[PDB]
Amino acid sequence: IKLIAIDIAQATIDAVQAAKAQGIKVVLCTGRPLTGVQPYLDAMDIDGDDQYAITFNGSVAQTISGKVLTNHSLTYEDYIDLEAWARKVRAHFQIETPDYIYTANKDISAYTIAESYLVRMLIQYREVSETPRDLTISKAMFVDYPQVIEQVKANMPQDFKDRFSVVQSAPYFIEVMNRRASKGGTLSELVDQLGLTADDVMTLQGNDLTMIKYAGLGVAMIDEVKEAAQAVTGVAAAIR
């Protein structure tokens, strides 16, 4: 076992410094952009062109130094559709890119500032005609007060539900991404790129099913995830 994928504590830092020193590739897995996990990576020694992280729930894999390795994005026409619906239904709307949050909201949502700050990613305001056509749109999200998001949830066109993945990650968020983009599925790509195989990896919630089934040694920490799993534990625990 030479590669560990971990979804999302000194005992845990240490157990990582360990597997790392022993020459293991530790791959953080997160719903945020890279900047969202940069702090933990700093504290765990992890960095450079040879360390890796899957971000945006596997819509992107990249080297800690920044190079995007794989990606599964929404098209520009997708953005147009989604954004045009945001205005129809009167909800704030943003998209996340590996470098920037973008919104065309001139009255920027309190929640977009929350996100920007907590996730540590800047905001580029662009009127819709100006959002660059060559963007890597990793994630799209209706961001607003719950009564609004609720109305969004209540009015989501069947068409978007089919075309993309649409899950409510918070009372104030609804995220939209590629219909086929899992942390499990993307880890498969990062692995094939490192010249390794499923039987060399150990993975470590709900959208992790694909991550356990791929891993030769998938390990759980819910109850449908424990199924597929090959073991259960708490992180340092599984490590050692």
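Numbers follow the displayed sequence, beginning with 1.
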Count of coordinate-less deposited residues separating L204 and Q205, as none, 1 to 3, 4 to 9, or 10 or more? 1 to 3
In the deposited sequence, how many residues between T233 and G234 have no modelled coordinates (none, 1 to 3, 4 to 9, 10 or more)? 4 to 9
Higher-B stretch (mean Cα B-factor, as the entry records it), 179-187 or 205-213: 205-213
Quick one: say whether 83-91 or 115-123 has the higher mean Cα B-factor in the deposited entry. 115-123
What third of its chain, lowest, middle or highest, does the C-alpha temperature factor of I54 fall into? middle
Chain thirds of CA B-factor: placement of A43: highest
Is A198 in the lowest, middle or highest third of its chain when residues are ranked by C-alpha B-factor? highest
